[PDB]
Structures are given as C-alpha cells and as structure tokens.
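*Asks:*
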Amino acid sequence: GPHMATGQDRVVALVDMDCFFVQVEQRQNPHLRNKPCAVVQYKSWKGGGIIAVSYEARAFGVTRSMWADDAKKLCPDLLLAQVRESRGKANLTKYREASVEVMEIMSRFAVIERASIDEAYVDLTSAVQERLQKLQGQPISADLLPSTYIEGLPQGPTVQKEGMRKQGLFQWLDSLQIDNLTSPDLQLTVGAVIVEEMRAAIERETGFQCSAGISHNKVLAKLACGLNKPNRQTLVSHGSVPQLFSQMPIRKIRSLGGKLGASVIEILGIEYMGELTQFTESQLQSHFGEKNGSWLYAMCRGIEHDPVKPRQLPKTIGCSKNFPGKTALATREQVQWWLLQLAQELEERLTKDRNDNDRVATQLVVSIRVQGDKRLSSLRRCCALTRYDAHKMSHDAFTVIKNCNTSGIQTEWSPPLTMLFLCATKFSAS
DNA sequence: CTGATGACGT
DNA sequence: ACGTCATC
Ligand SMILES: Nc1nc2c(ncn2[C@H]2C[C@H](O)[C@@H](COP(=O)(O)NP(=O)(O)OP(=O)(O)O)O2)c(=O)[nH]1
Ligand SMILES: [Mg+2]
Ligand SMILES: [Mg+2]
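Residue numbers for the first sequence, in the deposited numbering: -2 to 154, 160 to 432.
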C-alpha cells in the first residue's frame, strides 16, 4: 500500500504527426489538401507501394503497404504523390527536412527523444512543475484544453463525438477542482495544457497537424496518442489503466506486437494486457526472461521506467534498396554500380549532417540479403569510415562483402543480391 | 517487388 | 562483431 510505487513520477508525452508524408506533400501542393491522398514509392510496379494515407483516404479502406493500383480500386478518386527518386532509388530527404522543422519546435518546450521521422517523446515533468507554481492555485479552464480527450470519461450517471469529448473533460476537471483526484492527475492535466501549446506552435509554424498522448511513461503516452487520431490529444491517467487494459489486446502495447507478444498469449493463454496482473513477477521472468518478465509485471499495472533520452538527431544515417525477384543483382558490375548509387546518397547526407550537427560518422556498416534467404539480413559487415567519399565508401563496401560471391566466373554474382544497405554509424564530435 | 530506425542477445 | 527483433 503505502510503499507501493505507482509509476506516477513523470509526465511524458508522445507527439506524432498525422499522415506525415501526406501532409508534407499537401503543404507543397494545395491541390492535394483535404482530399483522399496517399504517398507512394516508385510507380511502375502496381502503381507503387503506399507508405502514407490521408484520413479521407483511410475511410475508403486505403492503407499503408497497399499497392496504389489496388488502392485505386477502393478509391477511384485517390490522389497520389510520389517520393522523389534520385540515383535510381527512393530519396526521403524532403520528409527528413520537414521532420527537423517539427523537432526544432518541440525542442523549445522540453527535452525530446526522436523516436522516428515523425514522432518524439517529451519529458514534461520539469515544465509542469514550473507552470504549476506560476498558476498559483488557479483552476484549469476547459478552454485551455480544446482538443484533449480524457481516456475513460465520461462515465457514470449528447450523441456526437465533440459533446462526448467535452463531457469527459468537464468530469475530469470538475474532479480536479474539487480535490477528488491526485497530484499526479493535476500534473498530467498541466502536461496536456503544455502539449496543446506545443501542437499549436507546430501547426502555426509548419502547417502540419499532429496528435499526442500524455501519460506517466513512454508506453502509455504512445498508446494514448493513437486513441483519438487525427488532430487530437489524449490523456491516460494512472487511474484509467485497469479499465483500459482489461480489453486491450496484448499486441497493441509497444514491443509486444511481434514474437514476444505472441509467446505471451500462447504460453499464458491470455488475450488482454490486464490479464497479466494475475502472474507473479517470478512467473513472468520464468517464461520471458528476467528483463522482459520484470517489464511485463510493471507494464500491465501501467508502470514503466524507460527514460526519455535527450536525443534530437538520428544515431545512424543509412540507405538501402531492395532488388526482389528477377531484378536481383547477378553481376559484379551491377553490384558495384548500385553500391555507388547508395554511397553517393550517403555522402550527400553525411556531408550535410557534418555541417549542421558538428559530428562525423566513423563506421560504415554494409548489409546484404541473398536470393532465397527469408531473413531481412543475410550478412552484416563493417569497416572504418575515414572519409566522406562516395567512391571510397562504395569500394570499401564491395571489399567487405565480395567473399560472399560463390560464383566461379569473375564477372558474375551468385547467389544474386536481393538487397543492399549502407549505414554510417559511431558518430563522434567534430 | 520498401526504406528506413533503434534496441537487444551472444 | 554480428545476428535478430520491433516498428511502420
Ligand atoms: N520508406 C518508408 N516510410 C514509411 C513506411 N511506413 C511509414 N513510413 C513513413 C510515412 C509516414 O507518413 C511516416 C510516419 O509514420 P507513421 O507515423 O507511422 N504514420 P503516419 O504519420 O503516416 O500516420 P499516422 O497519423 O497514422 O501517424 O513514416 C515504410 O514502410 N517505408
Ligand atoms: Mg504519424
Ligand atoms: Mg509515427
């Protein structure tokens, strides 16, 4: 009771851009605004692979990982923007630069951890303490929270979603003001106020909309964010967790969407995150290991300690291209030409990285997939990255993987390559 | 027919 | 160092 930690020590947000690559293209081309729209890579094969979908288009059933030709069957009026292609491959530069615009705005409010091209965690604990003292015991107006949902409310003794959002918010606030909630609840609420301000700054200064989750840790904040997309933010309190997790499929929690989550379901014979509370920490550790068992024991109670890392920039700079089926690379000259294309993009991005960020990569990682191998990576090899030179980098990459070629002929490559990947890593101050 | 990231185990 | 998982 009195000594049991509840994981309510921090206020953490996760801000994620709505259909990000789509918004980037809609900003640039107003003809695409407020329309069923998707972003695709390439065009010749099946119209290209969709990687981002506007909410108007999702209503037609259009999704990520769908071929545009198939999407067009669901949504005949679907508008498409294609990712820039340079040196024969997809080039994501425009989106990476748009990301930087957003991350820089977020960094004005608090320490952020860049978690992907379009989202970042924010530790608002300090900022919340600051705002609380400034407030002097003022109540918090619903007006300060115009886009916030409180997960789990309204409850207890209007048929439109905004009415529901407001009713839940009023119940939450009415309980704060009357002292029926906790200090952590107040801290989350102020966190949500700050997140409203951050999301407003982002939209004013970039044109992009985002959603956000506000809770006590990264996992709950990430889960909260997805609850009311697009263009809304969600507060998940410690108190909301039991009901939230009681029907929450295990795969929905970050990190349990793959093999581990499937083993939890199969071994334990359960379906929902809440059902995990019925196992001792030792039981969970027995099945899933010491680290995972401890994590699961705490997580199913809404508790998680992973810190928001102070990291605004990516740790790695990489590029890759797949060569599936017939297109797989079967000659040495082919392998070298494509390694050069990758190396040149890499050099451009690295040179720019060095000027912007005062650091240099010191390691080059080379990864390939061989034809007939199910694995994402067949082989990974590294060498020193001592110079930002595309020809040297491509030559070095070839040197590290050339032993893989089992073909007898000098000029031929077997088994054929279905993937090439170059990644610059191990950055040092410059 | 995708192109990335970051984390962890050994 | 190298392989694998997770996310999308
Ligand atoms: N190259 C590549 N880019 C991708 C892929 N998947 C996603 N992206 C890119 C395109 C995405 O726009 C972006 C951000 O990823 P999310 O946040 O996961 N999806 P979004 O922001 O689109 O919608 P939502 O409102 O649902 O958050 O990353 C992929 O498989 N390949
Ligand atoms: Mg997003
Ligand atoms: Mg995202």
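A virtual CB, placed ideally from N, CA and C, is assigned to each residue, including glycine.
With H, G and I counted as helix, E and B as strand and the rest as coil, what does DSSP make of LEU142?
*Replies:* Taking the first sequence and counting its residues from 1, one reaches residue 142 at position 145. Looking at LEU142 - three-state DSSP - the assignment turns out to be coil, as it is neither helix nor strand.
*Asks:* For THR145 versus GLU205, is the C-beta spacing smaller than 8 Å?
*Replies:* For the purposes of this step, residue 145 is taken as the residue at position 148 of the first sequence. For the purposes of this step, residue 205 is taken as the residue at position 203 of the first sequence. For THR145 and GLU205, no; Cβs fall outside 8 Å.
*Asks:* Can you say whether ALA399 is buried or exposed, counting buried as having 16 or more other CB atoms within 10 angstroms of its CB?
*Replies:* The residue you call residue 399 lines up with position 397 of the first sequence. That one is buried.
*Asks:* Cα-Cα, which of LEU229, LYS220, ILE137, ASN233 is closest to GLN189?
*Replies:* If you number the first sequence from 1, residue 189 lands on position 187. Among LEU229, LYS220, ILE137, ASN233, the Cα nearest to that of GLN189 belongs to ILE137.
*Asks:* Can we count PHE57 as close to ligand 1, meaning its CB is less than 7 Å from some heavy atom?
*Replies:* On the first sequence, position 60 is the one that residue 57 refers to. Flag unset: Cβ of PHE57 not near ligand 1.
*Asks:* Taking its Cβ as the centre, do 16 or more other Cβ atoms sit within 10 Å of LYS293, making it buried, or is it exposed?
*Replies:* On the first sequence, residue 293 is found 291 positions in, with the first residue counted as 1. Label assigned to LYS293: exposed.
*Asks:* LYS224: beta carbon under 7 Å from a heavy atom of ligand 1?
*Replies:* Numbered from its first residue, the first sequence carries residue 224 at position 222. Because no heavy atom of ligand 1 lies under 7 Å away, the Cβ of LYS224 does not count as near it: no.
*Asks:* Which of the three DSSP states is assigned to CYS425 in this structure?
*Replies:* The residue given as residue 425 occupies position 423 in the first sequence. In the structure shown, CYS425 sits in a strand (DSSP, three-state: E or B).
*Asks:* For ligand 2, which residues have a Cβ under 7 Å from at least one heavy atom, in chain order?
*Replies:* For ligand 2, the selected residues are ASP13, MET14, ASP15, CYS16, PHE17, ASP115, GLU116.
*Asks:* Determine, using beta carbons only, whether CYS406 and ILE370 come nearer to each other than 8 Å.
*Replies:* For this step, residue 406 is matched to residue 404 along the first sequence. For this step, residue 370 is matched to residue 368 along the first sequence. A contact, by the Cβ cut-off of 8 Å.
*Asks:* If you drop the 5 nearest sequence neighbours on each side, which residues of the same chain put their C-beta closer than 6 Å to that of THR236?
*Replies:* On the first sequence, residue 236 is found 234 positions in, with the first residue counted as 1. Within the same chain, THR236 has close Cβ partners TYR146, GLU148, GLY215, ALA226, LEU229, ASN230.
*Asks:* Quick check: the region 331 to 343 against the region 386 to 399, are there 3 or more CB pairs under 8 Å?
*Replies:* Contact between the region 331 to 343 and the region 386 to 399 is present, because at least three Cβ pairs lie under 8 Å.
*Asks:* Count Cβ pairs between the region 35 to 50 and the region 65 to 80 that sit closer than 8 Å; are there 3 or more?
*Replies:* The region 35 to 50 vs the region 65 to 80: in contact.
*Asks:* By Cβ distance below 6 Å, which residues in the same chain neighbour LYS220 in space, the five residues on each side in sequence not counted?
*Replies:* Residue 220 sits at position 218 when you count from the first residue of the first sequence. Counting only Cβ-Cβ distances below 6 Å, and skipping sequence neighbours, we find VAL9, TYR118, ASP308.
*Asks:* Taking the alpha-carbon of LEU76 as reference, which of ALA112, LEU286, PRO33 has the nearest alpha-carbon?
*Replies:* Within the first sequence, residue 76 is the residue found at index 79, counting from 1. Measuring from the Cα of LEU76, the nearest candidate turns out to be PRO33.
*Asks:* Kindly give me the distance between the Cβ atoms of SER96 and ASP115, rounded to whole angstroms, as I take these residues to be in contact under 8 Å.
*Replies:* Taking the first residue of the first sequence as position 1, residue 96 is located at position 99. Taking the first residue of the first sequence as position 1, residue 115 is located at position 118. Right, the Cβ-Cβ distance comes to about 6 Å (below 8 Å), so this counts as a contact.
*Asks:* Using a threshold of 8 Å, state whether the C-beta atoms of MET103 and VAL12 are closer than that.
*Replies:* By one-based count along the first sequence, residue 103 stands at place 106. By one-based count along the first sequence, residue 12 stands at place 15. Yes, the pair counts as a contact, with Cβ atoms nearer than the cut-off.
*Asks:* Indicate whether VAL80 and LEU89 have their beta-carbon atoms separated by less than 8 Å.
*Replies:* Stepping through the first sequence from its first residue, residue 80 is reached at position 83. Stepping through the first sequence from its first residue, residue 89 is reached at position 92. Their beta carbons are under 8 Å apart, which means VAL80 touches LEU89 by this criterion.
*Asks:* Within the same chain, show all residues whose beta-carbon is closer than 8 Å to that of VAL195, passing over the 5 residues directly before and after it, in chain order.
*Replies:* Position 193 of the first sequence, counting from 1, holds the residue named residue 195. For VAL195, where only same-chain residues beyond five positions count, the Cβ hits under 8 Å are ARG128, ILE137, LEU141, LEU142.
*Asks:* Rounded to whole angstroms, what is the Cα-Cα separation between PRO151 and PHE210?
*Replies:* On the first sequence, residue 151 is found 154 positions in, with the first residue counted as 1. On the first sequence, residue 210 is found 208 positions in, with the first residue counted as 1. Each residue's alpha carbon lies about 29 Å from the other.
*Asks:* What does DSSP give as the partner residues of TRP64 in its beta bridges?
*Replies:* The residue given as residue 64 occupies position 67 in the first sequence. DSSP output for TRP64 lists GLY46 as bridge partner(s).
*Asks:* By Cβ distance, which residues of its chain are closer than 6 Å to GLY58, with the 5 residues on each side in sequence left out?
*Replies:* Here the question's residue 58 lines up with position 61 in the first sequence. Same-chain partners within the cutoff: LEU71.
*Asks:* Below 8 Å on the Cβ atoms is my contact criterion, and I expect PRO316 with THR420 to pass it. Report the Cβ-Cβ distance as a whole number of Å.
*Replies:* Your numbering for residue 316 matches position 314 in the first sequence. Your numbering for residue 420 matches position 418 in the first sequence. Their Cβ separation, rounded to whole angstroms, is 25 Å, which puts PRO316 and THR420 out of contact at 8 Å.
*Asks:* Under the DSSP definition of a beta bridge, which residues are partnered with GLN38?
*Replies:* Taking the first sequence and counting its residues from 1, the one referred to as residue 38 is at position 41. Beta-bridge pairing links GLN38 to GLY46.
*Asks:* With DSSP collapsed to three states, give me the class of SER430.
*Replies:* The residue you call residue 430 lines up with position 428 of the first sequence. DSSP places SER430 in strand when its eight states are reduced to three.
*Asks:* What does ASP120 pair with, by DSSP beta-bridge criteria?
*Replies:* Position 123 of the first sequence, counting from 1, holds the residue named residue 120. Answer is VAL9.
*Asks:* By how many angstroms is the C-alpha of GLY134 removed from the C-alpha of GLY259?
*Replies:* Start at 1 with the first residue of the first sequence, and residue 259 comes out as number 257. Start at 1 with the first residue of the first sequence, and residue 134 comes out as number 137. Using only the alpha carbons, I get a separation of about 42 Å.
*Asks:* Can you look up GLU273 in the DSSP assignment and give me helix, strand or coil?
*Replies:* For the purposes of this step, residue 273 is taken as the residue at position 271 of the first sequence. In this structure, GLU273 counts as coil in the three-state DSSP scheme.
*Asks:* Is any heavy atom in ligand 3 found nearer than 7 Å to the beta carbon of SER369?
*Replies:* Sequence index remark: in the first sequence, residue 369 carries index 367 (1-based). No; taking the cut-off as 7 Å, the Cβ of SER369 has no heavy atom of ligand 3 nearer than that.
*Asks:* Compare the Cα-Cα distances from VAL108 to each of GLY153, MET200, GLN173, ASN26 and report the closest residue.
*Replies:* Walking along the first sequence from the start, residue 108 turns up at place 111. It is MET200 whose Cα lies nearest to the Cα of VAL108.
*Asks:* Within 10 angstroms of the Cβ of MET14, are there 16 or more other Cβ atoms? Answer buried if so, exposed if not.
*Replies:* Within the first sequence, the letter at position 17 stands for residue 14. Looking at its Cβ environment, which holds 16 or more other Cβ atoms inside 10 Å, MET14 is buried.
*Asks:* Comparing C-alpha positions only, which one of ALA112, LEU29, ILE269 sits nearest to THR318?
*Replies:* The sequence position of residue 318 within the first sequence is 316, counting from 1. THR318 has its Cα closest to that of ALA112, out of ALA112, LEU29, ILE269.
*Asks:* Drop a sphere of 10 angstroms on the beta-carbon of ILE403, count the other beta-carbons inside from all chains shown, and report buried for 16 or more, exposed for fewer.
*Replies:* Position 401 of the first sequence, counting from 1, holds the residue named residue 403. By the 10 Å Cβ count, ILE403 comes out buried.
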